[PDB]
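In: Mind folding the following:
(4 chains)
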There are 4 protein chains.
Amino acid sequence: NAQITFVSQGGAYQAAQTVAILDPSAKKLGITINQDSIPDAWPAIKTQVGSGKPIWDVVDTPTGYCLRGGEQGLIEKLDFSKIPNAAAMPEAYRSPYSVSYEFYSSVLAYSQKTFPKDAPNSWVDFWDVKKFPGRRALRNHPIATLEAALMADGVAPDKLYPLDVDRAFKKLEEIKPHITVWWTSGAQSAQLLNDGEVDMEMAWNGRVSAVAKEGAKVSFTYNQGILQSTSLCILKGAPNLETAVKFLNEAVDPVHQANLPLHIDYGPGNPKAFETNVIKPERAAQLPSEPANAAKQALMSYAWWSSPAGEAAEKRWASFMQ
Amino acid sequence: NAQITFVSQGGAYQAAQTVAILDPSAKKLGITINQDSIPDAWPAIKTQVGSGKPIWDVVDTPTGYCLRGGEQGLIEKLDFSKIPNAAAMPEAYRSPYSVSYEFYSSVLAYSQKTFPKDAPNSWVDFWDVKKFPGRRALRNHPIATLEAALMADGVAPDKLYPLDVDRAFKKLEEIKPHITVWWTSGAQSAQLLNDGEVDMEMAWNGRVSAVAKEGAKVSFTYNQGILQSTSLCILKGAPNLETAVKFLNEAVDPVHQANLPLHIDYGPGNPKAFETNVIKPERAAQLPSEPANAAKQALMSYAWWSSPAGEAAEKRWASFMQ
Amino acid sequence: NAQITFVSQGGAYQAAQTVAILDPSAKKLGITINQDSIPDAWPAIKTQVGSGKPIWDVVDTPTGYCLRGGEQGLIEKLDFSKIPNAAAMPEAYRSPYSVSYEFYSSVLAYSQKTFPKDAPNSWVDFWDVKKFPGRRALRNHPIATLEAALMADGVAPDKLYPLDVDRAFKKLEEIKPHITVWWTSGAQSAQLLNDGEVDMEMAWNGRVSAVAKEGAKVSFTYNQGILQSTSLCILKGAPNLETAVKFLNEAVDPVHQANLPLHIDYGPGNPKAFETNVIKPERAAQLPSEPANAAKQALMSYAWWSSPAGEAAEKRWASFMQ
Amino acid sequence: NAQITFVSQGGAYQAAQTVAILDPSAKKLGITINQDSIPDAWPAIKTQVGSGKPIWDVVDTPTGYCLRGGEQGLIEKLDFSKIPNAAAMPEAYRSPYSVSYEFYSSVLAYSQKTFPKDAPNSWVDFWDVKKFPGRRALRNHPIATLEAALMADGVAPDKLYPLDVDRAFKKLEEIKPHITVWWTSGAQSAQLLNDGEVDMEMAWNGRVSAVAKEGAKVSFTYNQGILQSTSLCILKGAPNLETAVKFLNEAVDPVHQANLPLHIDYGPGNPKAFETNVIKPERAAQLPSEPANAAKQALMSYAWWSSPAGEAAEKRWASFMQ
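Out: Numbers count the residues shown, from 1 in each chain, chains lettered A, B, ... in the order given. Structure data below:
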C-alpha cells in the first residue's frame, strides 16, 4: 500500500524509465509509484517545498538544480547508509542531496544529405560558415550553448570552467546572423533536422537518435559534445519520505539502470550498470557516458551552473536574444 | 518492424495510457509505439505538417482542435471502413478526422477540512462568497471557465450553448476580486488544494483524485462539472499512415479502453467499454462519463468552441485578464 | 555577553526605537543588540534564510512580510508561553510568526498655505481636481495607494477587502494625468511638501509630522488614512535564537512600547502601552493607533497583501506606471 | 529650542554615531538633532538645494562628493573661524566645504575555515587563483575596485594616482570569470562571507568586523586596503545654518571623535582623537586610520575621483559590467 509520487520530463524518456526502472522498482518494493511530468521542475520545487506540503516526493531533474536546491534547503540531505546502491557509487556521481540517474549529451548533429562526407566535427567547424555552408540552429538557452561557443573560440573541452561568459557571448553574437532558428523544444529540434530546415544544429543526442531511427538521413558526433546528467533527489517535506528513500535505492540498482539504455539512448547514472552484461557492446557504443564517448566531451560543471555565476549567465540570456 | 510515434500530454495520464492502451496495442499489432509528450500540440502540428515531413503520426488532443485541424487540412480525413471499432461507435463520439479517446471533467473541488459538511455543490455556491467563505481559484483560461460562470448565473447545464459570452464575463468580473489564484497548470492546481492555499477551485478531476489518493482531505463533485474529451487523429503526411490507421482501431478497442479507468480516473472514449465487465461497479461510479455522472454535467460543445464565436471568446480572455 | 542582530528601516524611526526600546531592553537583559538597517528586508530575508546561516536574528518589517515569511517557512513559529508580554496582547495583534511592534499611517497630507480653510479631507476630495485645485503626488507603489483609489471611488474604509484591483487601477489611471510626481522615498515626500512642489499628497504621517515640526505650513488628516503596522519576527536559522526570543519579550514590554511615541509619531504595537501613563493625552491624540484616529481609518489587511492577490497586484504596478 | 536635521547612512554605523557624537553634541549644545538616513544623499541634495528650501541641514557623505558638491554650489563654504576644532585639524583633513568625520577601509576579507594558515594577504594573492583557490566576490562598482586591480598588477599603494584606468580594466577583465558574485550592498557582502558562499572578497572592514563578532570564522587584512573617509558638510540654504555650524564643531571635538571607535571599527576623522587616551591601545590597533594600519594601505584620492578622469572611469564601469 506504500506510495510515492515521482516526477520527470515525460516523453519517450519517461516511458523508457517506466519499463526499465519504475515498474521493476515498484514491483520489487511492493509499492505504488504515481507519476508526474514537467519540462522544468525548479519553479514548482520552490513553490511546493515552500508551502511545507509538496505533492511530489522524488524529482528527476538536471543535477545543477539538485545542488542549488540542497544549498537553499529545499532538498533532503541523503543518509547514504540507507541507500547502499548509491553509497557504492563513486563520490563523483552523487552529492549530499542527490544521486546521478542518467547521462545525456548536447551534440553537434548534422544532415548526411548535406554532408555525405567530411561532416562538421567540432564547434570550431560549426562557427566556420565558409568552410561548412548550411543552415544552423542552436538552443534558445545558455546551458551547453555557452560551453560550445567557448570551444568554438578554441578553448579545450577540459579547460572551460569557470566559464568566461563575456567571451562566450561575443562568440555567440558573431554567429547570430547565421543562426536560422533558436529552438525551444526537443521535438522542434528533431523536426528541424527531419524536414531539412537546418543542415546542422546543437541537439540532445536522444532526439537525434530517434529521428535517425525513424528514417531521417541525419547523424551527430560526440566530439566536443557536452556531457550532462539528471539526478534523483527528495523534496523537503516529502509526504512519503521513508518510502521515497527505499525507492531511491532501487532506482540506481545496477540491473535496473542497465535496462534504461535498452529503451533509450541515455547512459546509466550508475556506472556499475556496465558490469551487468545487460547492455550489448554495439548498444554501449552509442551511449553518452560510455568511456570513449565521455572522453570526447566536455563534462558539464554543475558546481558552476548551480552557483551565482550560472544565474547571472541566465539573466544575460534574455538580453542577448536581441 | 513497423512503428509509429504517438503524442500525448505525459504525466500520470500518459503512463496510464501506456499500460492500458499503448503496450497491449503494440503487442497485439506487433509494432513499436514511440512516444512523445507536449502540453499543446497545435503549434507544432502546424509546423510539422506545413513542412510536408512531420515526425509525429498520431496525436491525442482535446477534441475541439481535431475539428479545426481537419477543416484546415492539418490532419487525415479518416477512412472508417479501415477502423471498425471506431465505425461501430455512435457518430456523436467521432468526427470525420478523429475519434473520442477519453473523457475528463473540470469540477468543483474543495477542502473537506474547511467543509466537513455542507460543501459547495455548484457554481452558484462557488459564486456565493457569504454562504461559502474561503479562498478560491479558477483556471486562467476561458474554456470551462465561461460555462461555470453562466451556470453560476443560473443557466442550466444543458442550455449553455451558444454561450452568452457577455453574461459570462459579467459574472466573472464579479467573482474576480474573490479569486486568490488564477492557476495555469494542473500540477499547480493540485498543490493549491493540497497545501490549503485554496479551500475550493475548479480543477481537472484527475488532478483532484490523485491528490486525494496521496492523503489530502479534499474531494469534488460532478454536479455542474464540465464534461470534456480528447480524441485521436493522424497528422496529414504522417510518415507511418498505414500503421497509424491500424493503431487507432486498437486504441478504441472496447477492452483496451476499459482498462484505462483501471489506472486513472478518466472515462473511456468508447462507451462499449462499460459492457466489457472489466471495470468494477464502484470504480465506474467514479468516472467522468459514467451516465449518472454525465447527466449532472455540462457537455462541452466542441462545435461552439471551434467556431468563430469561440475564437472571439478566446481573444477577449486576454483583455479580461489585465 | 549574549548578543543579537536587530534590523529595521533606519532613520529617525530607528533612532527613536533605540532610545525607547533597544537600549532599555539591552540594559535590562544584559545583552548587546547589534543593529542593521534596510529599506525593504524581504529579498534579503529570502537569501539569508535560504543559506541556512542568516546574519540577522530579529527583523522589524511590515506585517505582511512576516506572514508571507511564516507561510513560506522562512520565519520561526513563536512559542508564546516564552513571551508573556506578547501572549498578553490580544490575538489580533500577533500571528503565529510575529508580534505587532508599532502602527503607522499613510495619510492625506496638504498645504495650509493652499488650504488655510476647507482642506481636502478624503480620497474623494483628492480625486476631485475641480473642487480642490493643486499639484498632487502619490507613492510609486501599490500598497495603500490601491486602498485610497478604491475609497476615492466611494468604497467604505471597512469594506475594502478583498481589493477590487481592476477597479482600483481604473481609478488610478483616471487621476494619473493630474499627478505631478510619484514619490519613491519618505524624504522625497517630505521635501515635496516643504518646498511647495505639491499642495497635497499621500504620505506617511511621521514624515508629515516631522516636516511640520521643522516649520513647514503643512498638515494632514487621519480621515480615510490607511492604518498599517510593522511586526517583529525571528528568522529561521537565527544564530542567536534563544537570546532573540528573550529580546522579543522586552521589545513589546508596555513601558518600553509606551516610550516609542515620546520620540516619534507612531503608535505602540502593544496597546497596553496606553495603560502606563507614559503617553500624555495631547501626544496620544497625534498617534495613528489612538482609538479615535484608528476609527477614522481603513485597517490594512495583511492577510490580503501577503496572499497571491497581493503579489499579483504588485506585478501589475510596473505595467501601470506607463 | 534650536534644532538641525542630520543625515547619514543608518545601520550599526549611524547607531554608533548617535552614542558617541550626536547625543553628546546635542546635550552639550542644548539642541535637538533630528536624524534621517539614506544610502546615497547626492540626488536628494541636488533636488533639495535646487528648491531653495532643503529639509536636511548636515550630511555625512563620502568625501569625494563634498568636493563636487562645493564646486557646484550645493553645499556651504564653511567659515572655520566659527569651527575651531576643525580649523585646528591639519588642512589635509578638510576642504573649504567639509571636514573629515570618519575613516573606513575596503579590505581583503577571507574565510579562516578555508585558510587556517597562509591566507591571501594582498590583491596579488586575490588575483592568484591557482595559489589561492576559492570563491571570490568584488563590489559592483569602480571605486576601490580599480585600485585593487592596479595593486594586483604590481602598482605600489602610494603610486596609484592618477589611475591607469585601461590597465585596471584589463586586470579586472582577467579575474572576471573567477568572480562568483559582484555584490551591491554591505549586508549582502557580510552574508556572503558568513554563509561560506565566498572564501574571499573585498569588503568594508566594518561589515567584516561585525560578522566576525557574531562568531563567523572570518578575518581580513589592512595590507593593501583602500583607506577612505566620509566628511560632514552643510546644505546650501540649510534652514538651520547657524546651529548646523555649531554642531560641526562639536562633531569633530577630539573626545567625541575618540568615542566613535569604542562603538564601531572606524577611525576618527580628527586624528587628535588618538591623544585623548579614550581609546585602548589594543582597540586602536584595529582601526583603519591608525598610523601603522594606514601605512599598509592606499589612501584614496578624492581629488582624482571627483575629477573629469574619475567621472569618465565611472561611466566606463557600466560598459564593463555587461
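In: dump the residue contacts of whichever residue of the stretch 101-250 of chain A sits closest to chain B.
Out: Closest approach between the stretch 101-250 of chain A and chain B, counting by Cβ to the nearest Cβ: residue A:195, at 3.7 Å. Every residue, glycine included, has its C-beta placed from N, CA and C. Going by Cβ atoms under 8 Å, 6 or more residues apart in numbering or on different chains, residue A:195 touches B:48, B:51-53.
In: okay, the residues you listed in JSON lines with neighbour count, secondary structure and distance to residue D:116 next?
Out: Below are the contacts of residue A:195 laid out as JSON lines (neighbours: other Cβ atoms under 10 Å in any protein chain shown; DSSP: H, G, I helix; E, B strand; the rest coil; distance: Cβ to Cβ, whole Å):
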{"residue": "B:48", "neighbour count": "26", "secondary structure": "helix", "distance to residue D:116": "61"}
{"residue": "B:51", "neighbour count": "16", "secondary structure": "coil", "distance to residue D:116": "63"}
{"residue": "B:52", "neighbour count": "9", "secondary structure": "coil", "distance to residue D:116": "68"}
{"residue": "B:53", "neighbour count": "16", "secondary structure": "coil", "distance to residue D:116": "64"}
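In: Is the top strand by length along chain A in proximity to chain B?
Out: Longest strand in chain A by number of residues (criterion: DSSP state E): strand A:218-234. No - judged by Cβ under 8 Å from any Cβ of the partner chain, strand A:218-234 stays clear of chain B, getting no closer than 11.5 Å.
In: What helices and strands are in contact with that strand?
Out: Other helices and strands packing on strand A:218-234, by 3 or more Cβ pairs under 8 Å, 6 or more residues apart in numbering or on different chains; DSSP states H and E, are strand A:58-62, helix A:63-71, strand A:98-111, helix A:145-152, helix A:205-214, helix A:241-251, helix A:291-295, strand A:298-299.
In: Run the contact check for whatever helix or strand comes next after the fourth one versus chain D.
Out: Spelled out, it's helix A:145-152. Per DSSP states H and E, helix A:145-152 leads on to helix A:165-175 as the next helix or strand towards the C-terminus. Yes - applying Cβ under 8 Å from any Cβ, one finds helix A:165-175 in contact with chain D at A:165-167.
In: Which of these are buried, as a PyMOL select command?
Out: Here is the PyMOL command that selects the buried residues among those (16 or more other Cβ atoms under 10 Å in any protein chain shown):
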select buried, chain A and resi 165+167
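In: Quick one: name the residues of the stretch 1-150 of chain A near chain C.
Out: A:50-52, A:71-73.
In: and of those residues, the nearest to residue C:217?
Out: Proximity of the residues of the stretch 1-150 of chain A next to chain C to residue C:217 was ranked by Cβ to Cβ; the top entry is residue A:50 with 49.6 Å.
In: Any figure for the gap between that closest one and chain B?
Out: 9 Å (Cβ to the nearest Cβ, to the nearest Å).
In: What are the buried residues along the one helix or strand that residue maps to?
Out: If you go by DSSP H and E, residue A:50 is part of helix A:42-51. Residues of helix A:42-51 classed as buried by neighbour count (16+ other Cβ under 10 Å): A:42, A:44-51.
In: In JSON lines: the residues you listed, plus distance to chain D.
Out: Formatted as JSON lines, the buried residues of helix A:42-51 follow (distance: Cβ to the nearest Cβ, whole Å):
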{"residue": "A:42", "distance to chain D": "19"}
{"residue": "A:44", "distance to chain D": "25"}
{"residue": "A:45", "distance to chain D": "20"}
{"residue": "A:46", "distance to chain D": "19"}
{"residue": "A:47", "distance to chain D": "23"}
{"residue": "A:48", "distance to chain D": "24"}
{"residue": "A:49", "distance to chain D": "19"}
{"residue": "A:50", "distance to chain D": "19"}
{"residue": "A:51", "distance to chain D": "24"}
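In: Just the closest of these to chain B, please.
Out: Distances from chain B to those, taken by Cβ to the nearest Cβ, are shortest for residue A:51, at 3.8 Å.
In: Might one say that the closest one is in contact with residue B:198?
Out: No - counting by Cβ atoms under 8 Å, residue A:51 stays clear of residue B:198, with 11.7 Å between them.
In: The residue of the stretch 51-200 of chain A found nearest chain C: what's it in contact with?
Out: For the stretch 51-200 of chain A and chain C, the shortest gap (Cβ to the nearest Cβ) falls at residue A:72, measuring 4.4 Å. If you count contacts by Cβ under 8 Å, 6+ apart, residue A:72 has them with C:50-51.
In: give me phi/psi at it?
Out: phi -100, psi 10 (degrees, to the nearest 10).
In: try residue A:191
Out: phi -60, psi -40.
In: which residues touch it?
Out: A:197, B:44, B:47-48, B:51, B:54-55.
In: need these in JSON lines with distance to residue A:144, can you?
Out: Shown next, in JSON lines, are the contacts of residue A:191 (distance: Cβ to Cβ, whole Å):
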{"residue": "A:197", "distance to residue A:144": "21"}
{"residue": "B:44", "distance to residue A:144": "22"}
{"residue": "B:47", "distance to residue A:144": "23"}
{"residue": "B:48", "distance to residue A:144": "25"}
{"residue": "B:51", "distance to residue A:144": "26"}
{"residue": "B:54", "distance to residue A:144": "27"}
{"residue": "B:55", "distance to residue A:144": "22"}
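In: Just give me the closest of those to residue D:303.
Out: residue A:197 (61.6 Å).
In: show me the residues around that closest one that make contact.
Out: Residue A:197 neighbours (Cβ under 8 Å, 6+ apart): A:135, A:137, A:180-181, A:191, B:51.
In: Quick check: residue A:104 touching residue A:226?
Out: No - when contacts are counted by Cβ under 8 Å, residue A:104 is not listed as touching residue A:226 (9.4 Å).
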